[PDB]
Structures are given as structure tokens and as C-alpha cells.
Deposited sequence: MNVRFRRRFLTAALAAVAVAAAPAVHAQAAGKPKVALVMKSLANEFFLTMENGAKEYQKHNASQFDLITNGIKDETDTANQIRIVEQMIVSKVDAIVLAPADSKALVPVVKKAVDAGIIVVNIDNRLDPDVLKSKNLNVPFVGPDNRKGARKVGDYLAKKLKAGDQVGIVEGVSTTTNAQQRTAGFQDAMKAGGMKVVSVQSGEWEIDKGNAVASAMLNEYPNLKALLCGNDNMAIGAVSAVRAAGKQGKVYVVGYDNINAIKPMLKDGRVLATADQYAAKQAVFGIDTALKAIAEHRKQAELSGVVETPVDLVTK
């Protein structure tokens, strides 16, 4: 009897988060090589929605049995998901949740595997708050603003700052990227000479913010927090350039996404018939 073929469709291949995710998925397939085949794909940067859509369309022609998708845009990927589901493919959503209203309006059910990013960001924000004081000015460097996970991290960060008495003076998108993150951080430091921290929606933007802080001669005076716990951030936690990040377990999301799809396939479930993963503070 034939193995199901599962497609894992990710965002930016530049981003270690997804390389970590990909490695996890591939290791999982290797251990379970007789259970399923795995096709992995990503896009060239964090904002290449168009190409991600193309990848999913290419997965629909190859007649894969399931697609596990980390969508680059929470609304824009919904049409091609519908296309996939109507073609009898099981789709599981990971990482960044597709917009529920847009889903509800195509009569579409898509199971989600991923974290509560508001609680996750709140953990990171809370640790920072302990180091700051009431009235301290901070800026939030946000992911792609049309993604659920970007919005929810910003909200968690805001929750933490409110609860501590800090003042968020700026919220701007660094579009999940190092250099756009850097540009935003630099603008915020220039705008606010009294800025005390930069709260970044992912580690890549945090790396950008660390560069901006250094370039402003503010190393040691402006805290930076991120999210993802990528390897590149570890020397920065160790030497103090970054105060905290969070592990949201990339490999787990992909593996549990794949398992969700395979379980559905094992039981011959229909899409219409169809999981919070944890986030831990890292310092």
C-alpha cells in the first residue's frame, strides 16, 4: 500500500527558524521513512506571498495527499488553500494562523497547530519589564502586519508594557527581516533619545535592532528582546546584547502538523471533519 506524500510549505529560507523547522521535519521523515514521503519548500524572503502561493499550486498539481502550510499572509493564502481542499488534499495550518473570517466565508475548515503568540510575547515582555521601570519609553518592532502572529506578538508585548507601567512610543513593522528591523530600530532610537528598549517580533529583527543600538553607541543602555531562539541569538544572550527571546519550537510545529495530516489520512477523514504548542522564555 502506497505512502502518503506530504508537502511542508514554509516561509523564508533565509530565516534559521525555518531551517530548524525543515531539519526537524526531515529527521522525522527519516525515522518514519516507510510511513510517508515529505516534500519541503520555502520562499526567498519573508514577504514573497506570491511565490508561496505558486508553491502551493505546484503541490496541488503533484497530487500530494496533504499540505502543511506556514502562510506568509493570513488572508492571501486562503484562496489556494481552498483550491487544495476542493481537490481532496488535507491542509493543516501551522505557525501563523489563517484569518478565521476569511476561512468562515469560504466555508472552509483548516486545523491549526501552533502557539499562542500573545501569551508567548507576554512572557518575553514580562522579563523585560522586570529590568525597566514605570514611565520608561519603549518601541515595538513588529512582523508583517497582516499576519496573525505578528499582531498577537505586538499585543502580548503591549500587555507586558502596560502591566509594568512602561510607555510604548512607537510600533513599526520590520517585516520579519534583519535589515528592515535595523532600519526601524535606528529610526526609533533617533526619534526617541530616551528609548529604553526595543521589543522585536522575531530574532532576525532583534539582530537588526542589536546592530542599530551598537551604531547609536547605546550598547548596554537599550535592551533588546526577540522571539524564536535561533542559534544566531545565543552568543547575544550570553554577552548581553539581547536580554530575552522565546522558543516556540519550530520543529515541533511541523512534526505535529505532519502528524495531524497523517492521522486524518489514516482514518480517511474529510477536511470538514478536522492543538496549542508551547512557548518558553529563553534568557
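- Coordinate coverage of the deposited sequence is interrupted at 1-29, 304-306, 316, where no C-alpha atom was modelled.
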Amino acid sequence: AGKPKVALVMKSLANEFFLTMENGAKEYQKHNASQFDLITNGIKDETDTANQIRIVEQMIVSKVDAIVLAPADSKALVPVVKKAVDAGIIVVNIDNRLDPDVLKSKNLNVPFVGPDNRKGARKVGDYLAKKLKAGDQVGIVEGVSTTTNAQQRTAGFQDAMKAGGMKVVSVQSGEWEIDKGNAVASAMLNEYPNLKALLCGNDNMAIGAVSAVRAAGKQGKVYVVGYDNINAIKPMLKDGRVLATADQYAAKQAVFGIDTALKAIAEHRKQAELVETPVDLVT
From here on, numbers count along this sequence of modelled residues.
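- Mean CA temperature factor is higher for 82-90 when stretches 82-90 and 116-124 are set side by side in the entry.
- Look at the C-alpha B-factors of 157-165 and of 98-106. On average they run higher in 98-106.
- Of the candidates 20, 271, 260, 12, the PDB record gives 271 the highest C-alpha temperature factor.
- Per the deposited coordinates, the residue with the largest Cα temperature factor out of 229, 29, 253, 49 is 49.
- Ranked by C-alpha B-factor against the other modelled residues of its chain, residue 71 falls in the middle third.
- The deposited CA B-factor of residue 77 belongs to the highest third of values across its chain.
- Ranked by Cα temperature factor within the chain, residue 1 sits in the highest third according to the deposited record.
- Per the deposited record, the Cα B-factor of residue 129 falls in the middle third when ranked against the other modelled residues of its chain.
- Ranked by C-alpha B-factor against the other modelled residues of its chain, residue 193 falls in the middle third.
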